[PDB]
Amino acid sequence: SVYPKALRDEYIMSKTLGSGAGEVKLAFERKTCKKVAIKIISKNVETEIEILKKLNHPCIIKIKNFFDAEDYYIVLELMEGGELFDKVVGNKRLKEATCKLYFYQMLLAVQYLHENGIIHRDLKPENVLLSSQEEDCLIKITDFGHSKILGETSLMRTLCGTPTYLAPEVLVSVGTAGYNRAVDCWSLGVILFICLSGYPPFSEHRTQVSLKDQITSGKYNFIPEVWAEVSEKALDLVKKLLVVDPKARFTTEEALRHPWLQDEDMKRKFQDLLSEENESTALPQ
């Protein structure tokens, strides 16, 4: 095949940066001669695009352009650090400090999603991009292919009338409705676990308990020797996110107020990284 003409008109395509199940290419925008990343999706991408066009957060990827052709082409800012996945694969592990910097940003991103009525639903190291190859860098969450937009539910509409003809299971669902965002907090819990320890909390490696039973019981694989070097505060947060009951699970707000994230140096590094990214116009006064 060839790249679509409208893409070629605006961009020169270059080397592969990565591969999804999917592919990411380096490209140069002709107008500016600056590097961009182009995600190719083989044929609800257009509504993922609409979601991402309306979100404005430094820790969420921004769409620069979009082409709907033989395949989809999504142009975004280059994230030269690549995926978080590559930093944690093969039992590699990040310093606890670097974990905290990254995780803080993930929480800010996800908090902003949930405030804006969006649930991501596929948070994982593959979908966290690093702005640079330096350890202290900005991260951005990507891939909104599984995301969902919260709004008025069928349930809410049902509850407006009298339940003369309404099934008991609908009434029972009221106790737990409206906590779908908590699935993101679980995933974040799993991400943090992996970042701090270099291994997954739930996996079929050297165990006879099924992955499903591990997850539904909440019984993560704790190896103390790996964790000895990790703070108690870090592990405490992990434990409040990997809570099986979604109504009891920490929200992003609760996580951000956790002792582990009350870290003024970390928050300085983040603010410094932000201003560094920014290329501001002159301002009055």
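Note that residue numbering follows the sequence shown and begins at 1. Here, rigid core means the biggest group of C-alpha atoms that superpose within 1.5 Å across both forms.
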property: RMS Cα shift after core superposition in 9 other deposited structures of this protein, winner of 237 to 245 and 46 to 54; result: 46 to 54
property: Stretch farther from the shown model on average in 9 other deposited structures of this protein, with CA RMS computed after core superposition (102 to 110, 153 to 161); result: 153 to 161
property: Unmodelled residue 21 in at least one third of other entries with both flanks present; result: yes
property: Unresolved deposited residues in the interval that joins residue 21 and residue 22; result: 1 to 3
property: Unmodelled deposited residues between residue 43 and residue 44, binned; result: 10 or more
property: Average Cα temperature factor in the PDB entry - higher stretch of 180 to 188, 71 to 79; result: 71 to 79
property: Between the two ranges 200 to 208 and 107 to 115, the one averaging a larger CA B factor in the entry; result: 200 to 208
property: Among 231, 32, 252, 216 - the residue whose C-alpha B-factor is largest in the record; result: 231
property: Largest Cα B-factor, entry values, listed residues 151, 125, 168, 145; result: 151
property: Residue 225 - Cα temperature factor, lowest/middle/highest third of chain; result: highest
property: CA B-factor ranking of residue 241, expressed as a third of its chain; result: lowest
property: Residue 52, C-alpha B-factor rank within chain (lowest, middle or highest third); result: highest
property: Residue 120 CA temperature factor, ranked by third within the chain; result: lowest
property: Chain third (lowest, middle, highest) by recorded CA B-factor, residue given as residue 94; result: highest
